[PDB]
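Read the structure below first, then the notes.
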Amino acid sequence: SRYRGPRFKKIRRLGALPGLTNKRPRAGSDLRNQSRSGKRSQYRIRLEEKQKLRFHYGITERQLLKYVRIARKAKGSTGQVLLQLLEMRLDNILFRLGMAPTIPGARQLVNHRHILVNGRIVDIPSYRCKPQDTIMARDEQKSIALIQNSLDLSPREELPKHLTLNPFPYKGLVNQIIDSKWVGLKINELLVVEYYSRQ
Amino acid sequence: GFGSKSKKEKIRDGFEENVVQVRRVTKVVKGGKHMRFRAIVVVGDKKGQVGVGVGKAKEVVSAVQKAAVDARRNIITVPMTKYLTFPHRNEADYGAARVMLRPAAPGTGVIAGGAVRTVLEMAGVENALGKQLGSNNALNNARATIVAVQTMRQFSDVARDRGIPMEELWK
Amino acid sequence: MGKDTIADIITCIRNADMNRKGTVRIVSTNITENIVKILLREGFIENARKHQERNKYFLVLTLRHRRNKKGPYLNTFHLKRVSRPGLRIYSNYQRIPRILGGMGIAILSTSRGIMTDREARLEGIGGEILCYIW
Amino acid sequence: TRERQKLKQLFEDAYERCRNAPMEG
Amino acid sequence: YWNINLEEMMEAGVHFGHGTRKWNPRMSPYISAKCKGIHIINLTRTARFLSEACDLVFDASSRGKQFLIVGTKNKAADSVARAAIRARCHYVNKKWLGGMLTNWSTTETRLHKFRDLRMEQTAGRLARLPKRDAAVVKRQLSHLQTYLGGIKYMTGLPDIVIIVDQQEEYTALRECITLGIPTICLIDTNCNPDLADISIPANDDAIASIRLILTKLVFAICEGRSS
RNA sequence: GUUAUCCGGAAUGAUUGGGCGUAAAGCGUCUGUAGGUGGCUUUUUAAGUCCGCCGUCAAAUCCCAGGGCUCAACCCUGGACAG
Numbered sequence: 002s003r004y005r006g007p008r009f010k011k012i013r014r015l016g017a018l019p020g021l022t023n024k025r026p027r028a029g030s031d032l033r034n035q036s037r038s039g040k041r042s043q044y045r046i047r048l049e050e051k052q053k054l055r056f057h058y059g060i061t062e063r064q065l066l067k068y069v070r071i072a073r074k075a076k077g078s079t080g081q082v083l084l085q086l087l088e089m090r091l092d093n094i095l096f097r098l099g100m101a102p103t104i105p106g107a108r109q110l111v112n113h114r115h116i117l118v119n120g121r122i123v124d125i126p127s128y129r130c131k132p133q134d135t136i137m138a139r140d141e142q143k144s145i146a147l148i149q150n151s152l153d154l155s156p157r158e159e160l161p162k163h164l165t166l167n168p169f170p171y172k173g174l175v176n177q178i179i180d181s182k183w184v185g186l187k188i189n190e191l192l193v194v195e196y197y198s199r200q
Numbered sequence: 138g139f140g141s142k143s144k145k146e147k148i149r150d151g152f153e154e155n156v157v158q159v160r161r162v163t164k165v166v167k168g169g170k171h172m173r174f175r176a177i178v179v180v181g182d183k184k185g186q187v188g189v190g191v192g193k194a195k196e197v198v199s200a201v202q203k204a205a206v207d208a209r210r211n212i213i214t215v216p217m218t219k220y221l222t223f224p225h226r227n228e229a230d231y232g233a234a235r236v237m238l239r240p241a242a243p244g245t246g247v248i249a250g251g252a253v254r255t256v257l258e259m260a261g262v263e264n265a266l267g268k269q270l271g272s273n274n275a276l277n278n279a280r281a282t283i284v285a286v287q288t289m290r291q292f293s294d295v296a297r298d299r300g301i302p303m304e305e306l307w308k
Numbered sequence: 001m002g003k004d005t006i007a008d009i010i011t012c013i014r015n016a017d018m019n020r021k022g023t024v025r026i027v028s029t030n031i032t033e034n035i036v037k038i039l040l041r042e043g044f045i046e047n048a049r050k051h052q053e054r055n056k057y058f059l060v061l062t063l064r065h066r067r068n069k070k071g072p073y074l075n076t077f078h079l080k081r082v083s084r085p086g087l088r089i090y091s092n093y094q095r096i097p098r099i100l101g102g103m104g105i106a107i108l109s110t111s112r113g114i115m116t117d118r119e120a121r122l123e124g125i126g127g128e129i130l131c132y133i134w
Numbered sequence: 050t051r052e053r054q055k056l057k058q059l060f061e062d063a064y065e066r067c068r069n070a071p072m073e074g
Numbered sequence: 005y006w007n008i009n010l011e012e013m014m015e016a017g018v019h020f021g022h023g024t025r026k027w028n029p030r031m032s033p034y035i036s037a038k039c040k041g042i043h044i045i046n047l048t049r050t051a052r053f054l055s056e057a058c059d060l061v062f063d064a065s066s067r068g069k070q071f072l073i074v075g076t077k078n079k080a081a082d083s084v085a086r087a088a089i090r091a092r093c094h095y096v097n098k099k100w101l102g103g104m105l106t107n108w109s110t111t112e113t114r115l116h117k118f119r120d121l122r123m124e125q126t127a128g129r130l131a132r133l134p135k136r137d138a139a140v141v142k143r144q145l146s147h148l149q150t151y152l153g154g155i156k157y158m159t160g161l162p163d164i165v166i167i168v169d170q171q172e173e174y175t176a177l178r179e180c181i182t183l184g185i186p187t188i189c190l191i192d193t194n195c196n197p198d199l200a201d202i203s204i205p206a207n208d209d210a211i212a213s214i215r216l217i218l219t220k221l222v223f224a225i226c227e228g229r230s231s
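From first to last, the protein sequence lines stand for chains d, e, h, 8 and b. Position in the first sequence counted from 1, then plus 1, gives you the entry's author numbering. Position in the second sequence counted from 1, then plus 137, gives you the entry's author numbering. Oh and the third sequence: position 132 is 132 in the entry's author numbering, straight run, nothing missing. Position in the fourth sequence counted from 1, then plus 49, gives you the entry's author numbering. Position in the fifth sequence counted from 1, then plus 4, gives you the entry's author numbering.
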């Protein structure tokens, strides 16, 4: 699905989901009740690291089991490799290049078939990019400057070291797989990895 | 009787505390049947420094902190050589709780049962896996891990003990 | 002189130092001589001496210690048999285990002689694992 | 600080109770 | 340097050990001989461990600390006090309480009351109250006089505690092992070298052997203060 | 979501991995057949054991690496440890 839903709920519960669904911080007129008082079971903590990951990328949870099985299946730090297989997801890159303000914005911006990759169109948000790729607009998007609106309001945050945004010819490419320091979201890999040990 | 114990509580950035169980244990008397609280507190910084402690008192919070003062005089340091994991596998029973600890790859958060996982997530190790063989208990379990990580040796002190100069180690 | 001549020496080692006594008297057969030869040179023990009592050549073996402690030897020795009589174990040069990463050794019976993991891993030969200590 | 000083003392003594049970006499 | 000639101990009651069928056999690689129902302690390792003893006493006072000595036996009762008034150390008079080292908070408050009662005993207001209050103050002041009269000059824990031989004070010794406080003590022919971590195995049947090792360590401490 | 079937958890059939004084459990004790295990030294064959090489264990599956379907599922090409 998309979850397509009320989302300041998820920001108040999970903590501030960075970039995804807002640059606006939560509870501009809210939070004036509901003392937590400090009781939270540890399973709630690991569950909130699931959904801190799952809402921040908009994944289906069954697909997140799929990415964990591939992450175990690869060789190396599974806590990091999970955040390589979920960074080189395409609409995360179009978010990170500022081609859309939010990640539902990027997912819808790639559903309606506005992205060529290496000159070929990719209609699917779960496309996993590679090193040395090419990410452009559509030919109609020099007449449909929605991407240029997003690139107009974007450039507070610059880019991490895989990206290379070309200003008017609108091309962004990733030099190499993103480093852990490079990952934008702040979370503990071990907490999430431990949670899926049960399966 | 100076008041409010502000300087005297020692704000506990140095040791973070958690309970692992608070069972109400009760004794009967001539008058009836009255209970006290036995709490088990595992103290420890994430540097590699933990220890258990039991306590019991008629209040909950005095039993927790009383178990903490019993706990913060009972500390071992964790032999944890590599990138926050274990030198070698180990097993050590205490009473009737046996605990198998096993070192892990760095892409593995700590996976163990609740008492073992509690004393390891307070021990600052990140990469272990410890099955528990035996009891459903929590105290003898955790204390069995503490005995199961005292008796654990690095490569530098085994190289020092045997006298062999150095090889057979990747790092 | 029971069933095993290797649980002879080995159980005399465990029973020796679990009572902290730093002195072993055992028989000196060929394989005991070979084990203490590949065991004094690996830093576990101190000295092995042959002598005779009624013209029966024995090994007295001095264990390691440290200084005046709660127990004068810190690292407990932890000797263990593997290939029991009646259940023989055999390994290739693949299965041959690095005990605790290498902090223990697995003395085993090659066609060469009896080696350790160092001296049977470089050879590429394999054979019957007598016992591993750690 | 006092606890640390105590620990240091205990180490000193254990080493002083480490140097000469070996050798000596 | 801190030497003792082998003949000064070998003449006196040092190898004059204890009973030949009471030996606790962790001295089996230690004890030299046995004669006439009395053990014979090896004097070489005795004097070497005393060399080590005075090295580790004089070094520890060379850092600058305060030492403690336990006196309880009533065979070596006043000899410790003679070995503690000149040596500046605080000492046990006759008898020990279980808790004077580990439970020292209540012992500290008990020294608040003992200090206040000595302040009232000196001030001359003792003869104000009749025989009831004077009787009670003399009784509790007598009991604290039995224990806390010899350690008024201590706050906190010492570094090295030297104890009456082994038998009567396993209590104080085990409080020292719980606190971790290193102790260097005397061993009989039938006791543990592994209770403390260095000790001095010599029989204490002789008063002059007790005066020997204690006098030796008294000059060790006083020369530790000599700075 | 419920149910059913199977494995896990279960070291709750235990080689890895349990027990038998009192918790379930040592035959009432003993002789001994079959069978099982067995002292030390030296020598011989190599059945076990180990090492090399060779043959085979179809293809498909699983594992690795590439490639194709807009990705994945799936399909395809090559390779191989085990054993």
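Using N, Cα and C, we set each Cβ at its ideal position, and we do this for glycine too.
- Distance check between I164 (chain b) and each of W27 (chain b), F118 (chain b), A224 (chain b), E15 (chain b) places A224 (chain b) closest, using alpha-carbon atoms only.
- In the three-state reduction of the DSSP assignment, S42 (chain d) falls in the coil class.
- For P240 (chain e), the enclosing beta strand (DSSP E) has its first and last residue at 234-240.
- With respect to chain d, the C-beta atom of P243 (chain e) has a partner C-beta closer than 8 angstroms.
- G246 (chain e) belongs to the set of residues whose beta carbon lies under 8 angstroms from a beta carbon in chain d.
- Of the residues assessed, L130 (chain h) falls on the buried side of the cut-off, its CB having 16 or more other CB atoms within 10 angstroms.
- Distances from the CA of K56 (chain h) to each of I26 (chain h), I99 (chain h), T62 (chain h) were compared; the closest alpha carbon is that of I26 (chain h).
- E263 (chain e) belongs to the set of residues whose beta carbon lies under 8 angstroms from a beta carbon in chain d.
- Straight-line measurement puts the Cα of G250 (chain e) at about 46 angstroms from the Cα of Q170 (chain b).
- Secondary-structure assignment with DSSP links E153 (chain e) through a beta bridge to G181 (chain e).
- For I188 (chain b), the closest C-alpha among the options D62 (chain 8), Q54 (chain 8), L56 (chain 8) is that of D62 (chain 8).
- Going by DSSP, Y73 (chain h) is part of no alpha helix (DSSP H) at all; its letter is neither H nor E.
- Short of 6 angstroms from the beta carbon of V18 (chain b), and not among the five residues preceding or following it, lie these beta carbons of its own chain, in chain order: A206, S213.
- Any Cβ of chain b closer than 8 angstroms to the Cβ of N68 (chain h) would place that residue at the interface, and such an atom is present.
- Exposed is the label assigned to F60 (chain 8), since fewer than 16 other Cβ atoms lie within 10 Å of its Cβ.
- Neighbours of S42 (chain d) in chain e, taken as residues whose beta carbon is under 7 angstroms from its own, are absent, since the nearest beta carbon is some 11 angstroms off.
- Within 8 angstroms of the CB of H225 (chain e), the CB atoms of chain h belong to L100, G101, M103, in sequence order along the chain.
- Per DSSP, the continuous alpha helix (DSSP H) segment holding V36 (chain h) begins and ends at 30-40.
- Selection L84 (chain d), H115 (chain d), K24 (chain d) evaluated against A72 (chain d) yields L84 (chain d) as nearest (Cα-Cα).
- If you check the CB distance, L190 (chain b) and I202 (chain b) do not come in under 8 angstroms.
- Interface criterion not met: the Cβ of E50 (chain d) is under 8 angstroms from no Cβ in chain e.
- In this structure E196 (chain e) does not touch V180 (chain e) by the C-beta definition: roughly 19 angstroms separates them, more than the 8 angstroms allowed.
- Rounded to whole angstroms, the separation of the alpha carbons of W134 (chain h) and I99 (chain h) is 7 angstroms.
- The three-state reading of DSSP puts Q133 (chain d) in coil, since its state is none of H, G, I, E or B.
- Judged by their CB atoms, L79 (chain h) and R20 (chain h) are not nearer to each other than the 8 angstroms cut-off.
- Taking a beta-carbon distance threshold of 8 angstroms, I155 (chain b) does not count as an interface residue toward chain h.
- Using a Cβ-Cβ cut-off of 8 angstroms, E52 (chain 8) does not count as an interface residue toward chain b, since no Cβ of chain b sits closer than that to its own.
- Within 10 angstroms of the beta-carbon of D117 (chain h) lie 16 or more other beta-carbons, which makes it buried.
- Setting aside the 5 residues that flank it on each side, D31 (chain d) is surrounded in the same chain by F9, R13, each with a C-beta closer than 8 angstroms to its C-beta; the list follows chain order.
- Going by beta carbons, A234 (chain e) and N278 (chain e) fall inside the 8 angstroms limit.
- Residues of chain b with a Cβ closer than 9 angstroms to the Cβ of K57 (chain 8) do not exist, since the nearest Cβ in that chain sits about 10 angstroms away.
- Here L174 (chain d) carries a coil assignment [DSSP, helix/strand/coil].
- Counting along the chain, the unbroken beta strand (DSSP E) around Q186 (chain e) starts and ends at 186-188.
- Shown in chain order are the members of the stretch 175-208 of chain b whose Cβ falls below 7 angstroms from a Cβ of chain h: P197, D198, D201, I202.
- Close partners of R290 (chain e) in chain h (Cβ separation under 8 angstroms): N75, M103.
- For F58 (chain h), the enclosing beta strand (DSSP E) has its first and last residue at 58-63.
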